[PDB]
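Next up: a single chain in C-alpha cells, the form deposited in one PDB entry.
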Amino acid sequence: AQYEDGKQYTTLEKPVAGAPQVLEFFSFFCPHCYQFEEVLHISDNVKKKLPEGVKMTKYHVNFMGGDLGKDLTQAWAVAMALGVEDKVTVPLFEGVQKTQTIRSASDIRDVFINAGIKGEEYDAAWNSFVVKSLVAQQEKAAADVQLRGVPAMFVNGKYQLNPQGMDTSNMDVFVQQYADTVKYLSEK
C-alpha cells in the first residue's frame, strides 16, 4: 500500500478516545521543533490541506529543559488563553535556542511584553486558573499517549505520524508528504 501502518505512521496500541482531531506536541527546547516551526511551517501546511471541519491543537511539554521547560508550558498556556501564539512562537524559539537569552520566567515574560502584550495582562493570565486549567490539559494529553519525544503529531487519538521514513533532500517535498499523510489519516 502507499500508506502503511508502521511506515509513514504508527497505530497506538492503546487508542485514546475523545482526543483532539489533530494534536501536535512540541518544546521550545526541541531542535527539530524549531525546524518544524520556522523552516518547514508544518502546522500551517497541515492546516491548508485539511477541511475547515478538522481542528488543530498544539501543546507544549514539560520533559525538556527542567524548570524552564515547565515555565514554558505555563507560558504556552498564557499564549493560548490570550490567542497570541502567532506573535510569540518565533521569539520564544529564538530566545531559547538562537540567542539563548531566555534563562528565567522573567525572560519569557519579556518576549510577551515585546510582542505587545501588556504586563498587567500577562501577569493576570500567568496567575489565572484558566491558565492553570490549560496547563493541566497539556499535561493530560501528553500523559494519555505516554509521550517521550517531540515533535509529535497524533490524528484522532489513533495514529502517530512517523516522519523518519520520509525523504528530506527537498524540504518542500517532505512537508507535502507530511501534510498529505495527515490528510489521509484524518479521512480514515
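Start at 1 and count along the sequence shown; that's the residue number. Residues that one form lacks are left out of the comparison. Take the two forms, superpose them, and find the largest set of C-alpha atoms that agree within 1.5 Å; that set is the rigid core.
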**Asked** 140 to 148 versus 24 to 32: which one carries the higher mean Cα B factor per the record?
**Response** 140 to 148
**Request:** Could you settle it for me: does 64 to 72 or 155 to 163 have the higher average Cα B factor in the PDB entry?
**Result:** 155 to 163
**Request:** Could you tell me which third, lowest, middle or highest, the C-alpha B-factor of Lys132 occupies within its chain?
**Result:** middle
**Message:** By the recorded C-alpha temperature factor, relative to the other modelled residues in its chain, which third is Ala125 in?
**Reply:** lowest
**Asked** If you rank the chain by CA B-factor, which third does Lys98 end up in: lowest, middle or highest?
**Response** lowest
**Third of chain Cα B-factors occupied by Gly83** = middle
**Complete:** Assert third(CA B-factor, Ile113) within chain per record equals middle
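Below, we turn to the form deposited in another entry, even though it does not appear here.
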**Per-residue C-alpha change between this form and the one not shown, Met166, threshold 2 Å, rigid core fit** = yes
**Core-referenced shifts between this form and the one not shown - contiguous stretches of at least three, CA at least 2 Å** = 165 to 172
